[PDB]
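Before any questions on binding or motion, here is one chain by itself as structure tokens, the form deposited in one PDB entry.
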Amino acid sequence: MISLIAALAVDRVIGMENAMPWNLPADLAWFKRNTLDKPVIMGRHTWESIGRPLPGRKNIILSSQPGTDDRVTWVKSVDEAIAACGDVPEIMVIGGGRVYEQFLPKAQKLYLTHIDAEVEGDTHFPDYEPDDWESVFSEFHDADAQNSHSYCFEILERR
């Protein structure tokens, strides 16, 4: 099964010209909880953003240009990325925009963090029909001493 995991500000904003203007360690901990020991597929901009390989996960980078880091796997097609995951119960697609776009139609599950931030987006999560999805988990949190905005965790399963 393929799943997508994303953090969405208002209007589905997922990325900006520069680093996103929030500080959400609790969301990064949710991200880790749901990706640890699973293969993760990402595009090159997201790979650059993260800075290094995500620990304890097989990192696959989907890209048309040859790779510039030997500590991860570089693939040139969606089907190559999937094959590189081998035989695992769940593949996690971690962005960014174009990669979500490409994997959405194949995905059966979404792990979304909705962040209460009004920002002008450079890239957006795909316009999914919430109509077509079943929320099986939701959990709301206010901003606190460590987290700058209010956010809500959701898991959704393809109806």
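Residues that one form lacks are left out of the comparison. Quick note: we count residues from 1 along the sequence shown, nothing fancier. Superpose the two forms; the largest set of C-alphas matching within 1.5 Å is the rigid core.
Quick note: we don't show the form deposited in another entry, though the next part is all about it.
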item: Core-aligned CA displacement of residue 17 at least 2 Å between the shown form and the other one; value: yes
item: Direction of C-alpha distance change in the other form, residue 16 to residue 93 (at least 3 Å); value: closer
item: Inter-Cα distance between residue 44 and residue 16 in the other form, nearer or further [3 Å or more]; value: closer
item: Consecutive stretches, 3 or more residues long, displaced between the shown form and the other one (C-alpha shift of at least 2 Å once the core is aligned); value: 16-23
